[PDB]
Each structure stands twice: as structure tokens, then as C-alpha cells.
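Structure first, commentary second.
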Amino acid sequence: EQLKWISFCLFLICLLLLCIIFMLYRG
Amino acid sequence: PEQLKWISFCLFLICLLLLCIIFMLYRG
Amino acid sequence: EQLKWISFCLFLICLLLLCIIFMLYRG
Amino acid sequence: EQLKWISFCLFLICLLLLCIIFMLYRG
Amino acid sequence: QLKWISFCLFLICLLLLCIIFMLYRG
């Protein structure tokens, strides 16, 4: 169940990577 | 098992998006 | 043992990325 | 198993993160 | 191999802190 959190964390990193990308476009 | 597969997926997605960032800073 | 370290680091990378998103929206 | 992929992808991400560093410096 | 996963993870946080410094540098 330690793995569950790693899996939820990678998913967030993928969302956070996208907003960073979108923002750079907004520049 | 099913959870290593998810990580490997996500890692794949991450590398693809780190690359996008890199090409965007390169560009501008 | 190393599993929990990994889980720590990941939560951290989330907050750091998350922090990065705040700097970008700042200017 | 797949750990060869995680390892590699991590290995690869530091590469890509090092590059981001270079381009914020050199730029 | 885990160490590699543990070493690289450590390394990324530094590299991010490193990137956050440069964005807070200019």
C-alpha cells in the first residue's frame, strides 16, 4: 500500500507537468 | 504487477512531457 | 525501507513542481 | 522486469532535467 | 537496483531545487 501512493504521486506529476507546459505556451 | 505497469506508463508520459518543455525553451 | 524513501521524494517532487507552477503564474 | 524501465526512465529524466538547467544558464 | 531508483530520486529533487533557484535568480 506504499505502492498505491507512489502511483497516485506519478499521476499528479503528470498533471503538474501539463500545467507547466500550458503556462509556458501562455508566455 | 498491475501497479508497476501504471508507474511505467506514467514515467513514459513524464519523459514525453519533459521533452516538450525542453523543445519549448529551446524554441523561445 | 527504500519504498518509503521513494514515496517521500515523490511527494516532494509534487510540491516542488507545484511550487514551480506558482512561480510561473507569478510573472 | 519492468524495473529496468523505471530505472532507465529516471536515468533519462535527470538527463532531460540537466538539459533544462543548461538552457536556463546558457540562455 | 532500488538504490538507483533511490539515488536518481534524490538527484531529481536537487535538480528541481536547482531549477527553482535559477527561476528565483532572474
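Derivation of every value follows stated rules applied to the coordinates shown; laboratory data play no part. Heads up, the Cβs are rebuilt from the backbone with ideal geometry, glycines too, and the neighbour counts pull from every protein chain shown.
Of note:
- Identity of the residue in segment B:18-28, in a helix (DSSP H, G or I) and not hydrophobic (A, V, I, L, M, F, W, C), that ends up surrounded by the fewest Cβ atoms within 10 Å (Cβ to Cβ): B:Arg27
- For segment C:6-27, a residue qualifies if it is under 18 Å from B:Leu11 (Cα atoms) and of a type in the set (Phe, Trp, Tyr), and the qualifying residues are C:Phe8, C:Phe11.
- Top-ranked residue in segment D:1-17 [being surrounded by fewer than 16 Cβ atoms within 10 Å (Cβ to Cβ) and within 8 Å of the chain's Cα centre (by Cα); ranked as nearest to the other protein chains (Cβ to nearest Cβ)]: D:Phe11
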